[PDB]
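Here we start with a single chain on its own, the form deposited in one PDB entry, put down as structure tokens.
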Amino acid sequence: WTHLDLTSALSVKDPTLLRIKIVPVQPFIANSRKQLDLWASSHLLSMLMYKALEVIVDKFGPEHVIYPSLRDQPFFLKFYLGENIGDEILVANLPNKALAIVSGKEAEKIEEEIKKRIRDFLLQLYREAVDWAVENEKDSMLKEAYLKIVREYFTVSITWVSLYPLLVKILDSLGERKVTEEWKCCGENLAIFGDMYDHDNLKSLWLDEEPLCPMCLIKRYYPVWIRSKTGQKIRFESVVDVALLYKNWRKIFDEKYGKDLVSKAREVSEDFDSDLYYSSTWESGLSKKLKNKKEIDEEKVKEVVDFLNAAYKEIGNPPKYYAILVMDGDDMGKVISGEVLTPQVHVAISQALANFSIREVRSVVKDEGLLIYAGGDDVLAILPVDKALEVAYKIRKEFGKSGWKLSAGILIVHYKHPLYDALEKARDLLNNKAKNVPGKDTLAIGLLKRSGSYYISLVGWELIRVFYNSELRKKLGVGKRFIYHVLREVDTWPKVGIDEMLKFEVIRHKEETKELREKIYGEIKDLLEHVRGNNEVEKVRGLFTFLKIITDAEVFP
């Protein structure tokens, strides 16, 4: 049906191919402290691309935008059509790069019109935010040297060509040239330091002891702006909120106990957050959460610990690790753009990516963890430790049927760990580890224990398939004895040899305990073909590190 869509925009108007791209993406995102900051920043990025797109839509129509496909785009439904949209709207699913069919004469003004609208809105927000941080100097907070940072920050490169998949190729590399040619938290002047202030005097002024620049102020305000433009806010506020979803711990906790813990936490103070389900925090600190010079009863603390600890002996210890899942398509730069072909095929692909990202990835994540972003062939999610692998694979299969292949970094991490770093490492797994294998179609799973230890393992998607249905998974104590032993041998390498090492080790860990040993060796061998590695030592290392991680009793209690 999208042929008769293009015939219009191609015939009805004197047609010129316009292209949008907002430049600060991976930076703006990684500069975030708490999970909310990461959602807020990525979501806004989408907001911008929406206001960029809004202009195209307003002046013309939706079918004039090739990429992304605007059918089912939750922002538009909610915002442009005033549809009564549900929690869909919390997920950011518009990417930066875009492609529209524009009328030759508008091409010039549409460029400046997009530029203004972004600035206008960001400014519009900075203000609204300025008011909010006052609610919870303030005249000269809107100096036209701070206004600058806001307008100057996000760069929106816009380019066009008249009327071939070659024109598309010429539009991209022409476009990808204007890009580069066009403290707080982050290399940007703080909203007070840039004029004349001491760093001691600076920190004192700011609401949480950390001084913010204008951009990061917009980050903080956005979650309340959204709550009052749409209805709702992120379901899992903290990283800890998603960490406590491991084997329904929180839900189980919020029945047997929960009311009594709330009660217990009322009579210590008014902590009316999630950290407090951990015994550790009640001993470890609380000082920080004391925003007032009031008194804290100590028996209440001592016997909040006792309550929780006894809770833990009847329920299990509370989960303290969570997953960062980042995903990205392979060999698809030139597919999204259309060089590898505009015919309706380029729309078809756009619709395929739109559909996957909006519906299929959400149906996979599905209140079982936080889907921050799905731009077509790329995903950010915070997951519980026991959903990471399961979600990743599920999503991979789906992107299968809807481009072709897709890699992934998963970073399991202790909750108390700096996000900026965690987010950085997860990215690195995906880009520097995963995407650098020959047949780049791989899971790069990493585990960083609070110890400082950092196990990584690079794996084919087929491995998780084989491993579920594996006899080997069925037993993993015996496992603790097995895996550690193997990993020890392959710390350097078994001088005995790799094959004979596994035999002796499978052998070591009455009618059926011959066929069983013989089955495991087979699987263990089968599995290695799916570990990405350049020799059996690397492959063995790789599998038994995947084994090591999946089974770790501190991460998976």
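Take the two forms, find the largest set of C-alpha atoms that superpose within 1.5 Å, and that set is the rigid core. The numbering used is simple: start at 1 and walk along the sequence shown.
The discussion below concerns the form deposited with a small molecule bound, not included here.
- Only one segment in the set 88-96, 386-394, 461-469, 116-124 has residues whose heavy atoms sit within 4.5 Å of the small molecule in the deposited bound form; it is 88-96.
- Taking non-hydrogen atoms only, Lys184 never approaches the small molecule to within 4.5 angstroms in the deposited bound form.
- The small molecule is not shown here, and in the deposited bound form it never comes within 4.5 Å of any heavy atom of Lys539.
- Taking the partner from elsewhere, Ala191 is found to have every heavy atom lying beyond 4.5 Å of the small molecule in the deposited bound form.
- By the criterion of a heavy atom within 4.5 Å, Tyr246 is excluded from the residues contacting the small molecule in the deposited bound form.
- Judged against the small molecule in the deposited bound form with a 4.5 angstroms heavy atom cut-off, the residues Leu45, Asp330 and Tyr373 are in contact without exception.
- Checked against the small molecule in the deposited bound form, the candidates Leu212, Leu429, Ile336, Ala100 yield a single residue with a heavy atom inside 4.5 Å, and that residue is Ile336.
- The partner is absent here; in the deposited bound form, the one residue of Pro27, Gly522, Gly61, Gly497 having a heavy atom within 4.5 Å of the small molecule is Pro27.
- Following superposition on the rigid core between the shown form and the other one, the residue from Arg127, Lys203, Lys116, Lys302 with a C-alpha displacement of 2 angstroms or more is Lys203, and no other.
- Here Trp225 does not count as shifted, since its C-alpha moves by less than 2 Å between the shown form and the other one after the core is aligned.
- Superposition of the core reveals a Cα shift of less than 2 Å for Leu370 between the shown form and the other one.
- In this overlay on the rigid core, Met49 has a C-alpha that sits less than 2 Å away from its partner position between the shown form and the other one.
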